[PDB]
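To start, the structure itself, in C-alpha cells.
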Amino acid sequence: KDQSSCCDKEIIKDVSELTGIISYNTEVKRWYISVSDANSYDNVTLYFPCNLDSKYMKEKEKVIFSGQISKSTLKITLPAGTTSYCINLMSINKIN
Ligand code: NI
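For the sequence shown, the authors' numbering gives the first residue as 23, with consecutive numbering after it.
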C-alpha cells in the first residue's frame, strides 16, 4: 500500500476483482482491459493500465484485476456508452 500511482491525475477510487478482456487500441497505441456491464448492451468501461506487466499484453487475455483508477487526459475516439480510465494495477491474474 506504500506505493504511488503511475496515473498522472487524482485517484477517484479503487476497482476490485473485476473480470476483463485485454486488447490493444491502435489509435492511442495502448493496451487496455475491457469490462462489460451486465446491466446493459452498450455500457463498457476501458481501463488503461500504466503499470501492466508485458506478459499480459496479448489480444483477448482474460484477467481478474484490482487497482486505483483516475481520469486521463488521453484523447481517444470511443462510442457513446463506452468510458475509459487510467488504472494503477494493485493485482492482476490470468483466468484459466
Ligand atoms: Ni505498501
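Backbone N, C-alpha and C define an ideal beta-carbon position, used for all residues, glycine too.
* Straight-line Cα distance separating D24 from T105 -> 29 Å
* Asked: With respect to 7 Å, is the separation between the Cβ of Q25 and the closest non-hydrogen atom of the ligand NI below this value?
  -> yes
* **N- and C-terminal bounds of the beta strand (DSSP E) containing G42** => Counting along the chain, the beta strand (DSSP E) containing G42 begins and ends at 33-47.
* **Spatial distance of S62 from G103 (CA atoms)** => 10 Å
* Compare the beta carbon distance of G42 and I55 with 8 Å and say whether it is the shorter of the two. => yes
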